[PDB]
Amino acid sequence: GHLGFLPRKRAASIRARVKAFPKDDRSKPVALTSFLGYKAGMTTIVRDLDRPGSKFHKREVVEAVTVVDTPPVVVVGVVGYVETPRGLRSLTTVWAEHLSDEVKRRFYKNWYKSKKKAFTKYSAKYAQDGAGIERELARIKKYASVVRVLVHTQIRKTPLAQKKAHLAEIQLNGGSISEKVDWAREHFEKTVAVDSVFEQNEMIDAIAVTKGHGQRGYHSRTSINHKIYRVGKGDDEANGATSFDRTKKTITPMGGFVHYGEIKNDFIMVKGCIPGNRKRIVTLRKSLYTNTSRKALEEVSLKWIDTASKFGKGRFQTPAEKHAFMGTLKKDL
Amino acid sequence: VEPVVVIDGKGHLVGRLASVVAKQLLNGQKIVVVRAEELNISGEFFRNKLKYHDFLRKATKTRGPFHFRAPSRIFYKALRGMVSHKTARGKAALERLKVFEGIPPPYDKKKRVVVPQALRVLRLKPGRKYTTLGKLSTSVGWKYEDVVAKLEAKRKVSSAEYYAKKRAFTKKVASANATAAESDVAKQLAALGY
RNA sequence: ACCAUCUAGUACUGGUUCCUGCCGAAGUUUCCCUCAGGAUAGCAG
RNA sequence: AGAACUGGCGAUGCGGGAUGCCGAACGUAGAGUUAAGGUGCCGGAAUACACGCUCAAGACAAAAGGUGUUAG
RNA sequence: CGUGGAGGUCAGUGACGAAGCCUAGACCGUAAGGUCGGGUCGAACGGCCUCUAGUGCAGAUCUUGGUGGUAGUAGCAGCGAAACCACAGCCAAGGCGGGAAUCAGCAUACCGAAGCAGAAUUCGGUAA
RNA sequence: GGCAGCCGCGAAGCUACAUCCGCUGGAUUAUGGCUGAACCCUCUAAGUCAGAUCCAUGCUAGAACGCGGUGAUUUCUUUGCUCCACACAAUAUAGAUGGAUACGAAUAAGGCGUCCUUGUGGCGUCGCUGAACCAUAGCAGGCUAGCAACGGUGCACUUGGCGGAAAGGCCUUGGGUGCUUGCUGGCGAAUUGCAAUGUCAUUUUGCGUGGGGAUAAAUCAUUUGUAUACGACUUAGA
């Protein structure tokens, strides 16, 4: 057994705690250092191997790729940090004036029984000329060194019975922390898309809690060197609008995703599998730095995508395939 | 004597400084140590580093030996062995001791002190090698040296402006005294010693 | 094999009960073929 | 590996040597000086003075070498 | 000094409370112990000069009797033990010894040299 | 097929003979050089470049006897909670009895005042201990009179700046109000009997009023199924 991955004690929460960020680039424009989303099932994808010298070089090759259910990231605040001899410390936290019901639920377990006195008087302080809630920005500018944005996911968009919001801190790539806080404030209550941070062929890393076998499993894990193959937009239609297979369909498997994960929002395709099963929230990061190897730098296309259901063994790809061979079906037509 | 005494670890010796601090603590005197990251130990860097690394692996087995990295904690451990710890009297004595890297507030706005007999430069023979302790802490696992130096640099600033203001004030006071000289009160004071 | 008596037998373990003061050693020899025993040489009254 | 002998225990406190040879052999108490052993802290006592040494030690190996350091 | 009994004495104490028992209340004797005040007590005892002995307990894997953990454990939502029990235990070494409660286990390479052309080989050091 | 199962298809889970991935920066040593004495030379004595063992990056847990920020602070325990003003008690001190009375850097040199043809500069000079500096006079510190200045200072305000490392403090403008021992006078001190620390600091907590502020949250239940040996964890609902 691995010595580093011991003891095997289970994680304390579904969300995996991120404790490392890709340094701090003082020259890059302001951008998010990571992304948050939810994990769906898995599928299959094939692409052309442009890698030189490979056995399957310049040939179509099948690769296993998972699908991450990514809801839009709506900013709710930002957190500043200051260097100290006792380690990094969060000097001040601020919020985006207004908070959705899902965000308020995160602070409540018996939400229905509670009088729902969530963020309210704080908004009353904001409901004026600003003063303290505006001087906090100046205080952050004066002393802060690294600023982490505070965002939550649109859980109600995800097909999850649990409507409680999930929130985590994300560091800002850009320098000039004044610009960091200015951009964060301007983005208060705004919605951020995947294209604003990640991009196709980027070697992102995945971190999440492992599957529980029902103590084996249910522990946080980090997987690095995973290449994105296509930015997905499940809000629209015809997600399979690739250059090949001009018979546009949807990435959703027949009858919906197995067990759970009926995609109804943005999604992303990532090379290989991801730790943990569906219904688990997964955070994405740029993998610190980008390797210069062809396996990490080369860009890839996409073609065949499997759509047959897995509620059994799998056969039918689309409902329109059932005709001709079955003759008459008086029960239906 | 001042209720609390702040000792500057700059250019000092760990052994003698720890011994004197422990002796004062046993007598019932409150003492605080600042700029511990700049403390010095006799001998070259290799000798001191080996003497510390061997300690980390001597076993009691994690209940006993702890791979403590902070240089201030290393100094406390050095002073810990010079006090009758594990007892009410010794433990109470240690309660009057605090060690901080650099000079955090409010100790910045207060006069620090030095021990003449614990100065590394004074007691260490000239030309002989010595260890700065900071390098040892960095090599053994400490990683706050960069931040410590960065936030200590601001300590020299602002304090420099305060010193300049105090220098101007003392210049004015000296001018006032010089023009005040030759007065009858001044002459009487000079005659009567003062 | 058991039952009661001669038998409370046949010399090596265990234990050997209140207090204070004073004095206070030895561990070795003598005489019989030794370890079993005693004459005592010495120490202490 | 037996051995002819001279000081010491057995019945022996106490101070010192972290603990197992030195000092000193013992009524209950007050006062002052010491033995052994110590005067950087634990540990009650001078981080005392003076002459040189030593860069790794320092509280059975000495048969030999060092362009290690200081003297005739 | 003290306990059982006996000879002489205190023309001794005692239902207005002696023996016995408890005392975080006191006194005396450095000691075996003695005395006093207080809570129960209900019928006989104490000092002194002597005599007398089945006369003083922490041991005896002691005897008789009683009582704890074990334990509300095996056991038969039941009904209730036994074994064992001076007291210990988390280890660094020598004088043979530096924390709540329950649930789950019993090696490769890096340097210098060889008449090492290359391939390839050997040797002195680092290191497991 | 009610009862006890058998031939093709195939999950649901147990569960691998299934698939992907498994990182880049410092200081060293052995070793190869530079400068350069010991005494021409010398990789070493003062230093330094290249250069594998140690630490960093990363991952995993999180002091359950570590820490920061943040959503809200019982509308009747008869202001219930909270912060304040005054107001009486208990509680104790790891131990006030004038002041922690702020640069940096070197120890084979640094300041201070000045000059400036502004520098590693010139000039005069300071150390050799704080054995000092600020303050210190009044019934343990009162009343009051007069002189010189509007300086010093106890305290309630107000304009503004600095301090995020444990900033929680530093102040700054303007008046207001006491004292002023800077100087000169008038009042009382006794009896605690020749001394008995002769009681003056706050740490915490308890009870009595008035000046404001806000009025919530968690467990069970219900259940969920990513979790699931049993706990636990994850949820939905006035």
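Residues numbered from 1 in each chain as written, not as in the entry; some residues may be left out. Chains lettered and ligands numbered in written order. Part of a larger assembly, values for the part shown. Heavy atoms only, no water.

Method of structure determination, per the deposited record: cryo-EM was used for this entry, reaching 3.9 Å resolution.

Caption draft 1: Focus on the side chain of A:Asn277. Residue and element names in this part refer to chain A. Tracing the sequence through the fold places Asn 277 in the loop between β10 (267-271) and β11 (281-285). The exposure class assigned to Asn 277 is buried, which follows from its relative accessible area of 17%. A polar side-chain atom of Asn 277 sits 2.6 Å from a polar atom in the side chain of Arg 280. Those residues in contact with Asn 277, other than ones at most four positions away along the chain, are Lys 39 and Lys 211. (Helix = DSSP H or I, 4+ residues; strand = E, 2+ residues; numbered from the N terminus. Buried < 20%, exposed > 50% of the residue type's maximum accessible area, 1.4 Å probe, protein only. Polar contact = N/O pair within 3.5 Å; in protein donor to acceptor, adjacent residues only side chain to side chain. Contact = heavy atoms within 4.5 Å.)

Caption draft 2: Summary view of the domain arrangement of chain B. Residue and element names in this part refer to chain B. Here the domain parsing of chain B yields domain 1 (1-144) and domain 2 (145-194). The centre of domain 1, based on its C-alpha atoms, is set 32 Å off from the matching centre of domain 2. Counting residues at the interface gives twelve residues for domain 1, matched by seven residues for domain 2. Counting the surface lost from both domain 1 and domain 2, the interface buries some 700 Å², and carbon and sulfur atoms represent 48% of this. Our enumeration of links across domain 1 and domain 2 arrives at one salt bridge. For the salt bridge of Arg 35 with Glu 152, the shortest nitrogen-to-oxygen distance reads 3.6 Å. Residues that form the side of domain 1 that touches domain 2 fall into these classes: three nonpolar, three polar and six charged. (Domains from an automatic or database assignment. Buried area = accessible area lost by both parts, 1.4 Å probe. Salt bridge = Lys/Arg side-chain N within 4 Å of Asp/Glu carboxyl O. Nonpolar A, V, L, I, M, F, W, Y, C, P; charged D, E, K, R; others polar.)

Caption draft 3: Inspection of the domain arrangement of chain A at higher detail. Residue and element names in this part refer to chain A. When its domains are assigned, chain A resolves into domain 1 (6-71 + 193-210 + 217-331) and domain 2 (72-192). A C-alpha centroid distance of 28 Å is found between domain 1 and domain 2. At the junction of the two partners, domain 1 supplies 32 residues and domain 2 supplies 28 residues. With both sides pooled, the region where domain 1 packs onto domain 2 buries about 2,600 Å², and carbon together with sulfur makes up 63% of that total.

Caption draft 4: Layout of unusual backbone geometry. The omega torsion across A:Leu6 and A:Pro7 is 0 degrees, close enough to zero to call that bond cis. Relative to the assigned elements, A:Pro7 resides in the segment before β1 (34-48). Within the chain, B:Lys86 stands out as a residue other than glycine whose phi angle is a positive 65 degrees. Here B:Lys86 is to be found in the loop between α3 (71-80) and α4 (88-94).

Caption draft 5: Summary view of the sheet that holds strand β9 (residues 220-232) of chain A. All names here are of chain A. Strand order in this closed barrel of six strands is β1-β2-β10-β9-β8-β11, and the pairing throughout is antiparallel. Within this sheet the neighbouring strands show an average axis-to-axis angle of 45 degrees, counted without direction. Relative to β11, β1 runs antiparallel, the two sharing five bridges. By the bridge assignment for β11, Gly 37 is matched with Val 282. (Pairing = 2+ DSSP bridges. Axes fitted to C-alpha atoms, helices over the stretch in contact; angles between N-to-C directions.)

Caption draft 6: Structural detail: the sheet that holds strand β1 (residues 4-8) of chain B. Residue and element names in this part refer to chain B. Reading across the sheet, the three strands line up as β1-β2-β4 and stay open at both edges, with parallel pairing between neighbours. Since the sheet does not close on itself, it has two edges, and those belong to β1 and β4 (97-100), each with one partner. Adjacent strand axes in the sheet meet at a mean angle of 20 degrees, parallel and antiparallel pairs treated alike. Most of the contacts of helix α1 (residues 14-27) go to strand β2 (residues 30-34), to which it runs at about 155 degrees, and overall it touches β1, β2 and β4.

Caption draft 7: Quick peek at the protein's contact with RNA strand F. In the vicinity of RNA strand F lie 104 residues, with A:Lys19, A:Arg89, A:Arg105, A:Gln162 and B:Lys10 positioned nearest. Atoms of RNA strand F within 4 Å of the protein belong to the sugar or the phosphate in 72% of instances, the rest to bases. Taking A:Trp95, its side chain carries an N or O atom lying 3.4 Å from a sugar or linking oxygen of RNA strand F. Considering each element in turn, the surface near RNA strand F owes the most residues, eleven residues, to helix α7 (residues 145-180) of chain B. Class assignment of the residues belonging to the surface near RNA strand F gives a composition of 34 nonpolar, 21 polar and 49 charged. (Near = heavy atom within 4 Å.)

Caption draft 8: Structural detail: the pattern of salt bridges. All names here are of chain A. Counted by the stated rule, this structure contains 19 salt bridges over all chains. Between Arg 156 and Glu 102 there is a salt bridge, with the nearest N and O atoms lying 3.3 Å from each other. Here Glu 102 lies in helix α1 (residues 101-105) and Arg 156 lies in the loop between β5 (146-153) and β6 (167-171), a separation of 54 residues in the sequence. Linking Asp 245 and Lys 249 is a salt bridge whose minimum nitrogen-to-oxygen distance equals 3.7 Å.

Caption draft 9: Focus on the packing of α1(B) against α3(B). All names here are of chain B. Interhelical geometry of α1 versus α3 gives an angle of 60 degrees and a closest axis separation of 9 Å. As judged from the angle between their axes, α1 and α3 are oblique. Here α1 and α3 pass one another in a crossing that is right-handed. On α3, the residues that touch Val 14, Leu 17, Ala 18, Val 21 and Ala 22 of α1 are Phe 75, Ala 78 and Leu 79. (Parallel < 35°, antiparallel > 145°, perpendicular 65-115°, else oblique. Left-handed = near helix turned anticlockwise from the far one by under 90°.)

Caption draft 10: Geometry of a positive patch on the surface. A cluster of like positive charges, contributed by B:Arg47, B:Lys51, B:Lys125 and B:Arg128, occupies part of the molecular surface. The class for B:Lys125 is exposed, based on a relative accessible area of 51%. (Patch = residues over 30% accessible without salt bridge, like charges linked within 9 Å, V, L, I, M, F, W, Y side chains within 5 Å. Areas by Shrake-Rupley, 256 points an atom, 1.4 Å probe, with all protein chains shown as cover. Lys, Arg positive; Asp, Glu negative; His and termini not counted. Charge placed at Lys NZ, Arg CZ, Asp CG, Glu CD.)

Caption draft 11: Here's a closer look at the pairing of β6(A). Residues and elements named next belong to chain A. Burial within β6 is extensive, with four of its five residues counted as buried. Alignment of β5 against β6, held across five bridges, turns out to be antiparallel. Counted as the bridge partner of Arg 148 is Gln 171 from β6.

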